[PDB]
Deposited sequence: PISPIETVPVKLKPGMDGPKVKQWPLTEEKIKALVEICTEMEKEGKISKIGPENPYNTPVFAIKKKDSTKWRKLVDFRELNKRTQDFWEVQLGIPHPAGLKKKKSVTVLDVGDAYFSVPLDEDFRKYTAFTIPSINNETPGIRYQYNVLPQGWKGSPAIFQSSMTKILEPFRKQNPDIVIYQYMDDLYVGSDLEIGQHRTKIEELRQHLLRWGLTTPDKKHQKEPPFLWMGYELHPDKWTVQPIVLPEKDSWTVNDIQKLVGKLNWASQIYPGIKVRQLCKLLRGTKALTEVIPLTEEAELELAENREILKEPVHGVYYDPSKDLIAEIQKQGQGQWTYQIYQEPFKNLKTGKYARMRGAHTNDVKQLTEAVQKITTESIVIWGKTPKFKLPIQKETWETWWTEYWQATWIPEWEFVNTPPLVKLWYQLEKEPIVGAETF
């Protein structure tokens, strides 16, 4: 019995190009797929399937085993909607993340949809056709899998849910977020209870090192002003620049007094004593920045955007908003290499977007696509893949964070 699924009206299947892979990853992919084949989860396909979705091999944390990762991003987009988020979960002390992707492997996929799950294990130097497949069961990473498996999933959970009502359990794509406030020792032990309680039904690894997220401790990185002993013409100028910028957000910011210290083409290094008027204006400016701008609410119907700035020395900055300057959250991230770090960050920020809103944000990466497409899979560990576009971080925006 398979739920007849369909693509959004008029839409066709995806025909996404497959990014070149390293022999290693290809090998991993062959071993894996070949087994999924014996187990009848996938099946080879013929030339009559013009569709394609990119695959990748990523690495399991604390495991020598690889993990097939299919970028069903396009497919999920052309996939019909299906007809919630526990605000409470973000408040728990500890959230652990589990990989329940294997749940799906035991649920057939509507025969007619199967052609759309087509993917290809490429070959080096094009010496061979390239191995083609499509899914028979619910494919991990497809937006349809959680839905269809929803029912069966709720069943499986209701006992634990009632047994441990102090625990919050959220499912997202192939991940399960288990939250609570118990002492760390207890948290880790009640999780394992669930693990085996999942085994009890059918085939659950610990995502993210099997370590805990502590959403409780997540906090917004407000804008900050240089607090210094003596203030030079330069200091002030930068100071005024930044303030001026921040003014568009917090319009309560005044510069009048500071800009007055800046009359006359003085020398960048000449030290300027601050007139009390200005001294107090700064102070007010400072207090105004102490917290995020009021009136910024999360709109569930708008895309959640995430931008990252490279700060150097292993330091990065990000911001999550839907409408320019109306940040819903802003954070930092410190260490590796540019890319490794950057990916870890993306993932850090994604996980949060989920935990907090239940939706993955759409990133804007300060990197050259060719590069990203090259190493990103080397450090990626999540089971999902956010939407992303590549950009050129302005010189100043970075200075302002």
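> Deposited sequence versus model: which ranges have no CA atoms?
Replying inline: Gaps vs deposited seq, in order: 1 to 5, 89 to 94, 215 to 224, 357 to 361, 428 to 440.
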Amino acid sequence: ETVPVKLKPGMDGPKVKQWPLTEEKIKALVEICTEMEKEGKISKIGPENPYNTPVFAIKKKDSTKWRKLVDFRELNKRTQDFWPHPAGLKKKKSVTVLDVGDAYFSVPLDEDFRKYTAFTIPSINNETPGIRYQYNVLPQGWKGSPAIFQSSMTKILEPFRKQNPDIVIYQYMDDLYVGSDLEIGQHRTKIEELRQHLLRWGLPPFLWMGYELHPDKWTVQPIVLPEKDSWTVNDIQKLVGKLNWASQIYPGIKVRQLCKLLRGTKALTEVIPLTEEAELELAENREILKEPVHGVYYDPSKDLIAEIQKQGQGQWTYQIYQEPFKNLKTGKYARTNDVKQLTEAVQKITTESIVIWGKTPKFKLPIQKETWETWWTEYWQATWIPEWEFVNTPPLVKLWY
From here on, numbers count along this sequence of modelled residues.
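So that the term is clear: the rigid core is the largest set of C-alpha atoms that superpose within 1.5 Å between two forms.
> Which stretch is more displaced from the shown form in 7 other deposited structures of this protein, 119 to 127 or 282 to 290, with RMS over structures and residues of Cα positions after a rigid core fit?
Replying inline: The stretch that sits farther from the shown form in 7 other deposited structures of this protein is 282 to 290.
> Taking RMS over all structures and residues, which stretch has CA atoms farther from the shown form in 7 other deposited structures of this protein, 230 to 238 or 244 to 252, after a rigid core fit?
Replying inline: Of the two stretches, the larger average C-alpha offset in 7 other deposited structures of this protein falls on 244 to 252.
>> Given that the flanking residues are present, does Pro205 go without coordinates in at least a third of the other entries of this protein?
In response: Yes: coordinates for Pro205 absent from at least a third of the compared entries.
> Other compared entries: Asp62 unbuilt in at least a third?
Replying inline: Yes, left without coordinates in at least a third.
> When the C-alpha temperature factors are averaged for each of 341 to 349 and 56 to 64, which stretch ends up with the higher value in the entry?
Replying inline: According to the PDB entry, the answer is 56 to 64.
> Averaged over C-alpha atoms, is the B-factor higher for 381 to 389 or for 13 to 21 in this PDB entry?
Replying inline: Looking at the recorded C-alpha B-factors, 381 to 389 comes out higher on average.
> From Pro204, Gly331, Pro108, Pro129, pick the one with the largest CA B-factor in the entry?
Replying inline: Comparing C-alpha B-factors across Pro204, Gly331, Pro108, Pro129, the top value belongs to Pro204.
> Per the PDB entry, which option out of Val100, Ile184, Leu304, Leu75 has the greatest Cα B factor?
Replying inline: Within the set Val100, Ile184, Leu304, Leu75, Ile184 shows the top C-alpha B-factor.
> Taking the C-alpha B-factors as the PDB entry records them, is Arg335 in the lowest, middle or highest third of its chain?
Replying inline: For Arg335, whose C-alpha B-factor we compare with every modelled residue in the chain, the answer is the highest third.
> Based on the entry's values, in what third of the chain does the Cα temperature factor of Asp71 lie: lowest, middle or highest?
Replying inline: Within its chain, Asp71 is a lowest-third residue by C-alpha B-factor, going by the deposited values.
> Against its chain's modelled residues, does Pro159's Cα B factor rank lowest, middle or highest third?
Replying inline: Answer is highest: the recorded C-alpha B-factor places it there.
>> For the chain shown, is the CA B-factor of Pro300 in the lowest, middle or highest third of its modelled residues?
In response: According to the entry, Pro300 has a C-alpha B-factor in the chain's middle third.
> For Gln257, does the deposited CA B-factor place it in the lowest, middle or highest third of the chain?
Replying inline: As the PDB entry reports it, the C-alpha B-factor of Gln257 lands in the highest third of its chain.
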